[PDB]
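# Structure at a glance
Chain residues, written in single-letter form:
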Amino acid sequence: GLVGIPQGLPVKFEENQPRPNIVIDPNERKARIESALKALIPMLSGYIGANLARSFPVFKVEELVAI
RNA sequence: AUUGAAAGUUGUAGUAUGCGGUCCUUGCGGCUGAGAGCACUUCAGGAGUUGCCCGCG
């Protein structure tokens, strides 16, 4: 939720509304959002750790809960 | 957004190569299921009986 929002300026708040201070373009902000979201796909698939060439761990997701 | 903030203990690596469970070896030689032995002894197909009855080439 803070992607593209400067840490020091969560909101700019000049028209008396606390709308987010999105200093960057909203479209590429959303693009960064789905890029970060899709970065999780090669995480629970077998692309974690070292010795990938020689080991490539035998991986499978057992169970999970997300909110 | 906590003396926290940025961060791969990282990348490349075959225990591998040749190595006969191998060569010889009889389950072999001798050996009577053999000798004795009545399907024997008694025995009627048996006792009765009109080819029957009439006859002019």
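- What the entry reports as its method is cryo-EM, with 3.3 Å given for the resolution.

### Focus: the protein's contact with RNA strand B
- Close to RNA strand B lie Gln7, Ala50, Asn51, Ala53 and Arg54, which account for all nearby residues.
- Note that a phosphate oxygen of RNA strand B is positioned 2.3 Å from one of the side-chain N or O atoms of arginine 54.
- Looking at the surface near RNA strand B residue by residue, the class counts come to two nonpolar, two polar and one charged.

### Side note on the packing of aromatic side chains
- Counting across every chain of the model gives one aromatic pair.
- Considering the side-chain rings of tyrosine 47 and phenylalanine 56, the 5.9 Å spacing of their centres and the 85° angle between planes classify their relative orientation as edge-to-face.
- For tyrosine 47, a relative accessible area of 58% puts it in the exposed group.

### Digging into the side chain of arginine 29
- Its place among the elements puts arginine 29 in helix 1 (residues 26-39).
- Here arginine 29 is buried and forms no salt bridge, its nearest opposite-charge partner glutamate 28 lying at an N-O distance of 8.0 Å.
- There is a polar contact of 3.5 Å between the side chain of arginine 29 and the backbone oxygen of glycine 1.
- The contact partners of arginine 29, leaving out residues within four places of it in the chain, are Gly1, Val3, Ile5, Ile22 and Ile24.

### With respect to unusual backbone geometry
- The phi torsion at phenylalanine 13 lies on the positive side, around 55°, for a residue other than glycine.
- Looking at where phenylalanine 13 falls in the secondary structure, it is placed in the segment before helix 1.
- Using a relative accessible area of 44% as the deciding quantity, one classes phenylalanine 13 as partly exposed.
- The phi dihedral of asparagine 16 is positive, around 65°, even though this residue is not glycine.
- Relative to the helices and strands, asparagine 16 resides in the segment before helix 1.

What counts, and at which threshold
- Residues numbered from 1 in each chain as written, not as in the entry; some residues may be left out.
- Chains lettered and ligands numbered in written order.
- Part of a larger assembly, values for the part shown.
- Heavy atoms only, no water.
- Near = heavy atom within 4 Å.
- Polar contact = N/O pair within 3.5 Å; in protein donor to acceptor, adjacent residues only side chain to side chain.
- Nonpolar A, V, L, I, M, F, W, Y, C, P; charged D, E, K, R; others polar.
- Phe/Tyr/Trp six-rings, centres within 6.5 Å; stacked < 30°, edge-to-face > 60°.
- Buried < 20%, exposed > 50% of the residue type's maximum accessible area, 1.4 Å probe, protein only.
- Helix = DSSP H or I, 4+ residues; strand = E, 2+ residues; numbered from the N terminus.
- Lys, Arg positive; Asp, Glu negative; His and termini not counted.
- Salt bridge = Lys/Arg side-chain N within 4 Å of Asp/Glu carboxyl O.
- Contact = heavy atoms within 4.5 Å.

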